[PDB]
Amino acid sequence: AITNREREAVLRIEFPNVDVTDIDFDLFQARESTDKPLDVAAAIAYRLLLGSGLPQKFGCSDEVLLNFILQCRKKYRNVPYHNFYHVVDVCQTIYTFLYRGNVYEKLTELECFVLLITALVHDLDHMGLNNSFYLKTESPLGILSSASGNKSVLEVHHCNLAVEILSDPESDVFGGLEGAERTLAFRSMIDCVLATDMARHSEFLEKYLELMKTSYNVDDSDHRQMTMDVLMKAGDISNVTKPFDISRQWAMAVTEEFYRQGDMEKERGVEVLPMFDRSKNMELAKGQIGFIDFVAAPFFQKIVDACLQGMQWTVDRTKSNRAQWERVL
Ligand SMILES: COc1ccc(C2=NN(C3CCCCCC3)C(=O)[C@@H]3CC=CC[C@H]23)cc1OCCN1CCNC1=O
Ligand SMILES: [Mg+2]
Ligand SMILES: [Zn+2]
């Protein structure tokens, strides 16, 4: 259970002059303009969610929401990219897709609450190593994945820890729900987290696009779940949709993390993909262009054109940053 001093250090932070709901919100500046960035990161998620009125509508008390955010924070490690700031960023970004991009019309209010909560658990206990690393090294989590027949090594791990956090009534943000609602909350959270495995990127993307070939049915379960998976995925790959100074800082962080994995693979005598090679060097600009061309740009263009017209800015900023990385060359 959380200490009173730990809760007070977060509770006391407010943002009257910095709008945490804006598409231009700068998390790097929020971290850099305080001596307690992990407390400010937790307060951003706390104030964003209480500010929405969503937890209150689903019987999640302020204290339970805070206990939950701090329990999540405790399970994030000191790695360059997959740290607590990434999930706070994903939470904030998804909030913009829902309420600035109008995707809230495509989901129920409960599903919006579930998605924002899911953003905070989606990478619990990441060590800055991808799924492939655990399998190539025969690490315990890889062995567990292989034996249990689940190829999403880390995503299943993230689900286990999410369920553990929520098993404590004092951090159960779904504790105010009952019956079908409570079942939907756990089921949707788990499916959203499992949808973040990038080995399944094209699978989830094309499954969504095909269900959207026939008129979107907001009355349908599969339709809303696929929208939730697509929005979780969109937040995960949203660093390319931000202002350049921000998008560049995310690129630096992911590069440093990837390079540390590559150094660990070199030390262990396992295969190193060029993207993870520290000593060998690739231009940051080349890496981001590749990521945009083969992953981010087709994903956002396709989801915007099929249904998410309000998220058109994601397509525009991706091109703006892509053209900026071309100039950096
Ligand atoms: C800010 O830039 C990036 C942010 C996140 C990612 C992710 N990639 N993937 C894979 C990596 C393999 C190749 C394509 C498929 C995506 C993941 O599974 C990560 C975890 C989940 C979601 C996306 C994350 C990648 C980025 O730049 C890549 C370009 N590179 C890599 C090194 N530098 C650089 O610019
Ligand atoms: Mg992940
Ligand atoms: Zn993530």
# chains A, B, ... in the order shown; residues from 1 in each chain; ligands from 1
$ residues_around --residues "residue 186 in chain A" --least-positions-apart "2" --cutoff "12 Å" --atoms "only C-alpha atoms" --output "PyMOL selection string"
chain A and resi 110-111+113-115+117-118+121+159-160+162-164+166-167+172-175+177-184+188-193
$ select_by_dssp --residues "range 143-173 of chain A" --states "alpha helix (DSSP H)" --output "PyMOL selection string"
chain A and resi 143-148+153-166
$ residues_near_ligand --ligand "ligand 3" --cutoff "9 Å" --atoms "only C-alpha atoms and all ligand atoms" --output "VMD selection string"
chain A and resid 81 to 82 86 to 87 90 119 122 to 123 196 232 to 233 235 to 237
$ write_last_selection --atoms "C-alpha atoms" --output "PDB file, in the first residue's frame"
ATOM      1  CA  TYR A  81      11.803   4.824 -23.601  1.00  0.00           C
ATOM      2  CA  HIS A  82       9.464   2.293 -21.940  1.00  0.00           C
ATOM      3  CA  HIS A  86       5.674   6.754 -22.201  1.00  0.00           C
ATOM      4  CA  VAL A  87       2.407   5.440 -20.680  1.00  0.00           C
ATOM      5  CA  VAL A  90      -0.028   7.345 -24.449  1.00  0.00           C
ATOM      6  CA  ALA A 119      -2.963   3.239 -21.591  1.00  0.00           C
ATOM      7  CA  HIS A 122      -0.119  -1.332 -21.290  1.00  0.00           C
ATOM      8  CA  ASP A 123       3.678  -1.586 -20.743  1.00  0.00           C
ATOM      9  CA  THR A 196      -0.108  -3.658 -28.810  1.00  0.00           C
ATOM     10  CA  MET A 232      -4.491   1.825 -28.214  1.00  0.00           C
ATOM     11  CA  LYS A 233      -2.227   0.997 -31.179  1.00  0.00           C
ATOM     12  CA  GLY A 235      -1.407   6.018 -29.065  1.00  0.00           C
ATOM     13  CA  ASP A 236       1.524   3.558 -29.051  1.00  0.00           C
ATOM     14  CA  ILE A 237       2.772   4.760 -32.462  1.00  0.00           C
TER      15      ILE A 237
END
$ residues_near_ligand --ligand "ligand 1" --cutoff "6 Å" --atoms "only C-alpha atoms and all ligand atoms" --output "compact mmCIF listing (two decimals) with N, CA, C and O atoms, in the first residue's frame"
# COMPACT_ATOMS: atom_id res chain seq x y z
N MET A 198 3.46 -5.44 -31.80
CA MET A 198 3.68 -4.97 -33.19
C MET A 198 3.87 -6.11 -34.22
O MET A 198 3.71 -5.87 -35.42
N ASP A 236 0.19 4.17 -29.12
CA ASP A 236 1.52 3.56 -29.05
C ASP A 236 2.47 4.04 -30.15
O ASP A 236 3.66 4.19 -29.89
N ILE A 237 1.93 4.30 -31.35
CA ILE A 237 2.77 4.76 -32.46
C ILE A 237 2.55 6.25 -32.78
O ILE A 237 2.90 6.71 -33.88
N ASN A 239 4.11 9.00 -31.50
CA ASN A 239 5.23 9.95 -31.34
C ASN A 239 5.51 10.71 -32.64
O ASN A 239 5.93 11.86 -32.59
N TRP A 250 11.31 11.88 -28.60
CA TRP A 250 10.85 10.49 -28.50
C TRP A 250 11.78 9.57 -29.32
O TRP A 250 12.14 8.50 -28.86
N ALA A 251 12.19 10.02 -30.53
CA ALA A 251 13.10 9.30 -31.43
C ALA A 251 14.45 9.07 -30.75
O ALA A 251 14.97 7.95 -30.79
N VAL A 254 13.84 6.30 -27.92
CA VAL A 254 13.67 4.96 -28.49
C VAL A 254 15.00 4.41 -29.03
O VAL A 254 15.32 3.24 -28.81
N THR A 255 15.78 5.28 -29.70
CA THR A 255 17.11 4.94 -30.24
C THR A 255 18.03 4.46 -29.13
O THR A 255 18.58 3.37 -29.25
N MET A 275 18.86 -1.93 -36.53
CA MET A 275 18.13 -0.90 -35.78
C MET A 275 18.60 -0.78 -34.31
O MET A 275 18.44 0.28 -33.69
N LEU A 284 19.44 9.13 -37.33
CA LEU A 284 18.16 9.20 -36.63
C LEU A 284 17.02 9.46 -37.65
O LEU A 284 16.00 8.77 -37.62
N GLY A 287 15.97 6.37 -39.70
CA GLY A 287 15.17 5.50 -38.84
C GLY A 287 13.72 5.95 -38.76
O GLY A 287 12.80 5.16 -39.00
N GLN A 288 13.53 7.24 -38.54
CA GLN A 288 12.17 7.83 -38.45
C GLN A 288 11.40 7.78 -39.78
O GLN A 288 10.21 7.44 -39.80
N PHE A 291 10.21 4.16 -40.30
CA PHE A 291 9.11 3.94 -39.36
C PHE A 291 7.81 4.57 -39.88
O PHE A 291 6.78 3.91 -39.94
$ residues_around --residues "residue 96 in chain A" --least-positions-apart "3" --cutoff "7 Å" --atoms "only C-alpha atoms" --output "list in words"
residues 21, 22, 23, 92, 93, 99, 100 and 101 of chain A
$ atom_distance --atom1 "CA of residue 95 in chain A" --atom2 "CA of residue 66 in chain A"
17.9 Å
$ closest_residue --among "A:129, A:11, A:38, A:212" --to "ligand 2" --atoms "only C-alpha atoms and all ligand atoms"
A:129
$ closest_residue --among "A:157, A:187, A:319, A:5" --to "ligand 2" --atoms "only C-alpha atoms and all ligand atoms"
A:157
$ residues_around --residues "residue 325 in chain A" --least-positions-apart "4" --cutoff "7 Å" --atoms "only C-alpha atoms" --output "list in words"
residues 285, 289, 321 and 329 of chain A
$ closest_residue --among "A:277, A:222, A:256, A:120" --to "residue 94 in chain A" --atoms "only C-alpha atoms"
A:120
$ residues_around --residues "residue 199 in chain A" --least-positions-apart "6" --cutoff "10 Å" --atoms "only C-alpha atoms" --output "PyMOL selection string"
chain A and resi 131-132+151-152
$ write_last_selection --atoms "N, CA and C atoms" --output "PDB file, in the first residue's frame"
ATOM      1  N   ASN A 131      10.121  -8.418 -27.452  1.00  0.00           N
ATOM      2  CA  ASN A 131       9.707  -9.825 -27.341  1.00  0.00           C
ATOM      3  C   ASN A 131      10.786 -10.766 -27.880  1.00  0.00           C
ATOM      4  N   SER A 132      11.341 -10.436 -29.059  1.00  0.00           N
ATOM      5  CA  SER A 132      12.387 -11.247 -29.705  1.00  0.00           C
ATOM      6  C   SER A 132      13.553 -11.543 -28.758  1.00  0.00           C
ATOM      7  N   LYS A 151       2.601 -16.119 -27.978  1.00  0.00           N
ATOM      8  CA  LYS A 151       3.805 -15.530 -28.560  1.00  0.00           C
ATOM      9  C   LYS A 151       4.078 -14.074 -28.131  1.00  0.00           C
ATOM     10  N   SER A 152       3.070 -13.369 -27.558  1.00  0.00           N
ATOM     11  CA  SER A 152       3.253 -11.973 -27.141  1.00  0.00           C
ATOM     12  C   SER A 152       3.876 -11.947 -25.731  1.00  0.00           C
TER      13      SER A 152
END
$ residues_around --residues "residue 207 in chain A" --least-positions-apart "4" --cutoff "8 Å" --atoms "only C-alpha atoms" --output "PyMOL selection string"
chain A and resi 203+211+226
